[PDB]
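Protein chains in written order, with the authors' numbering: chain A, 2 to 260, 263 to 278; chain A', 2 to 260, 263 to 278. A prime marks a further copy of an entry chain.
Think of the CB as a built atom: it goes at the ideal place given N, C-alpha and C, for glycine as much as any other residue.
Number of protein chains: 2
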Amino acid sequence: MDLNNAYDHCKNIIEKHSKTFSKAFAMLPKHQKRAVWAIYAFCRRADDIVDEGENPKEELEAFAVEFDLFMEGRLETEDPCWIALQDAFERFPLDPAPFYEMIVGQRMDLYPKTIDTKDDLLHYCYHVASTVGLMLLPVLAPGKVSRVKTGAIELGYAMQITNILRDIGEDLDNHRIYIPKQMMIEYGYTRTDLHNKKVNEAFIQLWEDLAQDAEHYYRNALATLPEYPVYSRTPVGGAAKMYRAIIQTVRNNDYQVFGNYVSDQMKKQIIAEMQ
Amino acid sequence: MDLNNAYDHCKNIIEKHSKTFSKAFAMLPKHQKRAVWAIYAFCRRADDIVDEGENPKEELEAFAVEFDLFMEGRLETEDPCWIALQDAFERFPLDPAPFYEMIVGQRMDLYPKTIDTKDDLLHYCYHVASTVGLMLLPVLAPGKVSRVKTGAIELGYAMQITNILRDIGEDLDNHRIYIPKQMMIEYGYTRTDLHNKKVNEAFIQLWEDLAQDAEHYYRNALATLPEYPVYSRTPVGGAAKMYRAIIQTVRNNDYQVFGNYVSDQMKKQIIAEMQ
Numbered sequence: 002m003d004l005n006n007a008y009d010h011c012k013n014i015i016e017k018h019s020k021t022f023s024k025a026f027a028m029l030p031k032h033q034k035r036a037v038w039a040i041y042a043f044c045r046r047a048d049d050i051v052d053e054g055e056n057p058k059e060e061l062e063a064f065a066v067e068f069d070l071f072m073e074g075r076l077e078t079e080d081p082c083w084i085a086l087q088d089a090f091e092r093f094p095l096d097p098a099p100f101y102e103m104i105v106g107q108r109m110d111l112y113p114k115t116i117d118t119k120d121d122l123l124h125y126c127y128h129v130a131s132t133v134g135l136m137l138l139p140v141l142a143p144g145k146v147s148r149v150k151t152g153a154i155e156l157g158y159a160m161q162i163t164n165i166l167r168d169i170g171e172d173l174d175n176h177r178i179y180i181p182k183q184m185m186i187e188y189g190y191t192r193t194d195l196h197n198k199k200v201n202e203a204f205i206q207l208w209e210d211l212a213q214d215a216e217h218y219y220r221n222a223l224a225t226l227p228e229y230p231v232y233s234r235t236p237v238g239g240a241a242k243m244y245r246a247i248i249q250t251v252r253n254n255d256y257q258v259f260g263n264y265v266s267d268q269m270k271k272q273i274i275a276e277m278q
Numbered sequence: 002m003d004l005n006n007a008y009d010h011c012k013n014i015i016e017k018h019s020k021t022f023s024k025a026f027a028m029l030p031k032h033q034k035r036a037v038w039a040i041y042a043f044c045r046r047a048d049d050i051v052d053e054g055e056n057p058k059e060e061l062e063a064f065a066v067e068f069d070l071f072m073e074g075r076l077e078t079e080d081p082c083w084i085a086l087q088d089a090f091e092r093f094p095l096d097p098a099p100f101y102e103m104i105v106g107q108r109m110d111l112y113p114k115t116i117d118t119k120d121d122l123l124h125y126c127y128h129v130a131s132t133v134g135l136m137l138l139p140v141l142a143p144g145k146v147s148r149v150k151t152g153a154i155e156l157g158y159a160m161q162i163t164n165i166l167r168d169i170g171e172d173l174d175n176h177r178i179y180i181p182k183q184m185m186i187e188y189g190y191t192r193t194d195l196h197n198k199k200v201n202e203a204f205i206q207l208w209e210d211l212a213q214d215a216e217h218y219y220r221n222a223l224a225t226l227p228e229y230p231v232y233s234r235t236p237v238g239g240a241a242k243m244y245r246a247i248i249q250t251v252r253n254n255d256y257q258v259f260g263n264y265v266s267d268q269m270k271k272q273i274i275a276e277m278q
């Protein structure tokens with residue numbers, strides 16, 4: 002299939018898996034938008050290999066080998082996702098370095114994990130989320146990457162913490178815990194309260210402590226938005242605030258995270276205010 | 002209630018929770034046997050606080066405070082377990098040091114845990130299992146503790162590894178993983194194979210590697226048995242071999258540990276050969 006249909010394939014991936022990101026990046030100009038679809042398909046595939054799929058270790062090493070071949074310019078395929086990414090790499094000065102770091106981050110999720118400190122939390126968030134911001138920067142802010150880089154890394158922190166805070170029970174059911182141990186210790190929230198899906202006084206203290214770190218990172222990221230080109234300000238800002246709004250969504254639902264979505268209407272309001 | 006009935010209470014605890022240990026230590030002479038019941042009740046209570054019970058952190062600190070008061074000789078109670086332990090401590094030169102280390106070990110299970118290396122495995126096994134051997138030594142081998150101490154520590158390693166290898170699926174259901182990460186990495190056994198309760202080629206390799214460490218510790222522990230007094234040789238040896246026999250029980254059942264008991268008859272045979 003041709004380039005248009007390769008990109009359309011990636012558009013169907015992003016629309017299926019994230020209403021927030023697809024709404025946000027749909028407001029980019031044509032070629033930047035198509036490149037963002039292709040880069041998203043790359044992140045989506047690697048994460049799906051690890052989080053779903055039968056032999057995650059062998060499937061992810063074959064994905065890494067395939068990217069190695071791709072970067073050498075010697076991958077011949079009919080895979081629409083690679084056809085789309087090939088054009089994105091040729092069309093914009095994308096950097097392979099954060100693409101490799103993403104794979105390293107995905108390797109972290111192949112074996113059980115314990116986050117000890119906030120430091121280990123940020124190290125994980127960097128590799129699975131900040132890297133995505135870094136892959137997009139040459140598309141979103143051409144010639145200004147060093148200037149807005151720190152903000153995009155922190156926006157990674159902010160959205161990955163937000164994701165973790167929303168998905169406490171989902172991750173527990175899949176035998177994953179991303180809450181730092183030392184904060185469970187600080188606040189007196191034990192493994193047993195967690196296994197019992199308890200929303201108590203100590204849980205809220207711990208939850209709000211993490212949420213406030215996320216909010217700080219969101220504010221830092223949003224303060225760099227004037228340095229983006231005008232056509233990227235509403236997409237990037239809108240994405241950030243739509244994702245930040247999950248935190249208050251959980252607050253309003255009394256922190257019930259053992260069974263949360265920003266509504267479609269809320270998303271529309273956020274985009275209109277950006278606009 | 003009086004001393005006899007305090008000890009009988011502890012006898013009912015050990016008989017209810019461990020057929021192996023109660024059969025083994027029932028062959029000790031009277032007062033050593035009663036002391037072993039009292040010491041077992043102490044370990045049983047602390048472990049039950051952590052593994053069951055509503056507020057494990059507050060319940061375990063109150064258990065620790067109570068032992069602090071006990072050791073000062075200033076705990077006044079009608080609790081049969083303390084009445085029994087009080088006599089054991091007065092009757093034999095028991096050392097409080099490994100009793101405190103047990104509590105430290107139980108503290109390790111209050112918050113999520115990741116074993117990285119075999120080293121971290123042994124550090125955990127020491128505090129939750131080797132300490133129990135060390136509490137019993139003045140009762141089992143009076144005046145010979147320094148001589149048989151290393152063997153009892155390793156018997157701790159051996160039985161706790163045995164326990165871990167038998168309880169893989171039980172611990173997974175309770176969101177606990179004691180398999181060292183680095184061996185999952187060495188053998189290519191992922192979190193996803195575990196969550197899927199897969200008994201594959203890599204699982205068996207990892208399982209047998211741990212089992213062979215346990216077997217080495219059992220052989221080391223059993224080599225010290227001539228240094229015990231005659232009345233402790235069949236209890237200690239019998240306990241050790243009854244617990245070791247779990248490993249071959251799992252082998253014979255094709256390593257199916259996601260749903263294993265040494266039979267009552269097998270236990271009888273092991274004791275007869277000791278005898």
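Listed by chain order, chain A' residues near residue i by CB distance under 7 Å
i, result
"A:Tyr112", "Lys182, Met185, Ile186, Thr191 and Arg192"
Supposed close pair residue i, residue j - CB separation, criterion 8 Å
i, j, result
"A:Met160", "A:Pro99", "Wrong, their Cβ atoms sit about 15 Å apart, outside the cutoff."
"A:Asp96", "A:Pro143", "So it is not a contact: roughly 12 Å between Cβ atoms."
"A:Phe64", "A:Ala47", "6 Å"
"A:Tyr229", "A:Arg245", "Contact doesn't hold; Cβ gap of about 17 Å is too wide."
"A:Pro113", "A':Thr115", "6 Å"
"A':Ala215", "A':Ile248", "6 Å"
"A:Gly152", "A:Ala222", "5 Å"
"A':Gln183", "A':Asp117", "6 Å"
"A':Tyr256", "A':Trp208", "6 Å"
"A:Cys126", "A:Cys82", "Not confirmed; about 25 Å, so no contact."
"A':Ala42", "A':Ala85", "7 Å"
"A:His124", "A':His196", "Incorrect: roughly 24 Å between the Cβ atoms, too far for contact."
"A':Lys270", "A':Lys20", "7 Å"
Burial state of residue i (16 or more Cβ within 10 Å)
i, result
"A':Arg192", "buried"
"A':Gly54", "exposed"
"A':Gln272", "exposed"
"A:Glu155", "buried"
"A:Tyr264", "exposed"
"A':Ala275", "exposed"
"A':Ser233", "buried"
"A':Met277", "buried"
"A:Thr225", "buried"
"A':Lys58", "buried"
"A:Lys17", "exposed"
"A:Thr78", "exposed"
"A':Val37", "buried"
"A':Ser131", "buried"
"A:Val258", "buried"
"A':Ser23", "buried"
"A':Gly134", "buried"
"A':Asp194", "buried"
"A:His128", "buried"
"A':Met72", "exposed"
"A:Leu29", "buried"
Amino acids of chain A', ordered along the chain, whose beta-carbon sits closer than 8 Å to that of residue i
i, result
"A:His196", "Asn175 and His176"
"A:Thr115", "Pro113, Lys114 and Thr115"
"A:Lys58", "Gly189 and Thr191"
Span of the alpha helix (DSSP H), counted from its first residue to its last, around residue i
i, result
"A':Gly239", "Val231 to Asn253"
"A':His10", "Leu4 to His18"
"A:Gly134", "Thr132 to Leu141"
"A:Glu91", "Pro81 to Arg92"
"A:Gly260", "It is not in any alpha helix (DSSP H) - A:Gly260 carries neither H nor E in the DSSP assignment."
"A:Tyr101", "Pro97 to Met109"
"A:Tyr125", "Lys119 to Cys126"
"A:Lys271", "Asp267 to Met277"
Contained beta strand (DSSP E) runs [length at least 3] in the stretch 167 to 215 of chain A, N- to C-terminal order: Positions of the beta strand (DSSP E) runs, each at least 3 residues long and wholly inside the stretch 167 to 215 of chain A, cannot be given because no such run exists.
Report the residue ranges of all alpha helix (DSSP H) runs contained in full by the stretch 24 to 65 of chain A'; include only those spanning at least 4 residues, in chain order. As far as the stretch 24 to 65 of chain A' is concerned, its whole alpha helix (DSSP H) runs of at least 4 residues are 31 to 52.
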